[PDB]
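Asks: This is the structure, below, for whatever I ask next.
With ideal geometry, Cβ positions are generated from the backbone for all residues, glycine too; neighbour counts draw on all protein chains shown. Any read-out appearing in this document is the output of simple, stated calculations on the displayed coordinates, not a laboratory observation.
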């Protein structure tokens with residue numbers, strides 16, 4: 001009898017999409033019915049709605065009467081999935097067949113009551129790195145061990161068995177201990193250890209030390225005590241879009257000649273930074289494609305209105321400007337792309353490595369500042385500015401230099417060849433026999449034992 005698995009998605013595409021990918025992986029490879037309780041580029045269940053993949057909508061509660069302007073995104077996203085858990089309660093109460101296992105998103109951990117009530121096998125998804133996970137867990141200890149803000153720390157934080165996290169590479173919920181988002185994060189870290197397992201969007205080669213720290217380190221296993229499932233790198237699969245001007249232009253460009261630039265669906269620069277980045281791209285004398293959003297200094301505008309005067313005119317031959325959105329996976333896969341300036345968001349990161357593309361780390365929010373150091377210091381597949389671009393403007397001199405490096409210098413060629421090897425490792429973990437294929441089959445096992 002085919003297993004029935006429910007998956008729960010936090011709001012947004014950066015949360016919904018992974019969930020979908022995950023679902024498709026499972027269902028394609030092992031034969032499992034996938035229901036999703038979500039709270040020309042995609043088309044969701046294209047033909048996947050043959051009692052195979054099925055998306056039930058449940059995104060219904062306002063929080064306007066409970067937040068303010070300064071309330072941080074993490075807390076907001078924690079609230080949304082709380083206001084009316086009852087909705088979810090009754091949703092699962094009205095499932096004609098209860099699932100044999102439920103897999104909730106990182107921000108839908110507060111659903112334990114329900115999972116316990118219907119007595120279903122409950123699992124959590126961590127859509128980013130294991131290192132960030134290890135932190136999220138161990139933060140329940142630091143909370144006490146360190147007195148004062150974490151950015152004030154003179155020495156790094158050393159998570160048992162894991163690399164040392166500097167005061168500059170902290171995750172955002174640790175920037176302010178006097179906000180609520182910190183408390184939520186420690187609560188999160190405490191919640192993980194109640195689930196029957198933890199899926200993580202990574203593989204062995206990429207994070208061997210960290211994964212084997214979570215699994216085996218005594219100090220961590222006195223907190224964790226649950227299995228861990230490195231199932232990644234899970235990513236959207238390259239779609240087909242005949243008409244896609246970006247592509248049509250890229251088809252005229254040489255192999256690995258282009259640098260792609262896009263800061264993900266959350267990212268937004270400030271006006272000056274955008275001007276310096278423009279002049280940087282101009283002065284580099286390198287070919288590029290740039291997904292530009294309106295510049296928030298906290299702005300619906302035409303492309304000319306927010307970019308430097310004559311920029312588009314001058315760069316007409318050297319670059320392609322793309323307002324708002326560009327189809328990210330398809331560009332990343334394309335032969336003429338040999339570079340990616342990114343916000344270090346894990347989804348995008350994964351998409352880059354899986355195509356063997358070197359990166360320029362430009363962290364902005366979330367955990368991205370922590371992922372940047374991991375890419376650069378440890379993995380050597382990315383470079384970054386001298387000062388993190390959150391703390392200080394990155395002017396056109398350092399930008400120019402950083403561009404020329406990645407693309408045409410021999411060191412640039414070393415970093416690319418590194419990304420390529422990590423692409424292979426990804427294609428080895430995912431393959432029929434790899435660590436992540438097998439690790440999935442361990443999750444399968446564990447859902448049948450329950």
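Asks: Considering only DSSP beta bridges where both residues belong to region 245-427, give the percentage that are antiparallel (nearest 5).
Replies: Of all bridge pairs located within region 245-427, approximately 0 percent are antiparallel.
Asks: To continue, here is another question. Please give the length that would be gained between residue 89 and residue 46 if that part of the chain were fully extended, namely 0.36 nm times their separation in residues minus their C-alpha to C-alpha distance (nm, one decimal).
Replies: Working: separation 43, 0.36 × 43 = 15.48 nm, distance 2.87 nm.
Between residue 89 and residue 46, full extension yields 12.6 nm more.
Asks: Something else about it: Rounded to the nearest 0.05, what FRET efficiency is calculated for residue 222 and residue 249 with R0 set to 56 Å and r the Cβ-Cβ distance? Can you show the working numbers first?
Replies: Numbers: r = 55 Å, r/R0 = 0.99.
Once rounded, the FRET efficiency stands at 0.50.
Asks: Further question: How would you rank 201-212, 112-123, 415-426, highest first, on the average number of other Cβ atoms within 10 Å across their residues?
Replies: Details: 201-212: 21.0, 112-123: 16.6, 415-426: 18.1.
Highest to lowest by the protection proxy: 201-212, 415-426, 112-123.
Asks: Report, for the chain, the % of DSSP beta bridges that are antiparallel, rounded to 5.
Replies: Values: 2 of 42 bridges.
In the chain, DSSP labels about 5 percent of beta bridges as antiparallel.
Asks: Treating only the Cα positions of the chain as identical point scatterers, give the base-10 log of I(q)/I(0) from the Debye formula at each q in 0.14 Å⁻¹.
Replies: The computed values of log10 I(q)/I(0) come out as -1.47.
Asks: Assuming a viscosity of 0.890 mPa s and a temperature of 25 °C, what translational diffusion coefficient in µm² per second does Stokes-Einstein assign to region 304-450, Rh being the Kirkwood radius over Cα pairs?
Replies: Working: Rh = 17.3 Å.
Answer from the Stokes-Einstein relation: 142 µm²/s.
Asks: Ok, one more. So what's region 33-130 giving for Cα Rg divided by 2.2 N^0.38 Å, two decimals? Before the final figure, lay out each step's value.
Replies: Details: Rg = 15.1 Å, N = 98, 2.2 N^0.38 = 12.6 Å.
That works out to 1.20 for region 33-130.
Asks: Moving on to the next point. Ratio to report: Rg/Rh of region 178-304, with Cα atoms as the point set and Rh obtained by the Kirkwood method; give two decimals. Don't skip to the answer; put the middle values down first.
Replies: On the way: Rg = 21.8 Å, Rh = 19.7 Å.
Rg/Rh for region 178-304 comes to 1.11.
Asks: Give the Kirkwood hydrodynamic radius (Å, one decimal) of region 4-56, defined as one over the mean of 1/r across all pairs of different Cα atoms.
Replies: Value: 11.1 Å, from the Cα pair sum.
Asks: Do the sum for the chain: with -39,500 (n - 2.57) for every DSSP H run of n ≥ 4, divided by all residues, what is the mean residue ellipticity at 222 nm, to the nearest 500 deg cm²/dmol?
Replies: Numbers: 18 runs with 177 residues, N = 450.
Value at 222 nm, helices only, nearest 500: -11500 deg cm²/dmol.
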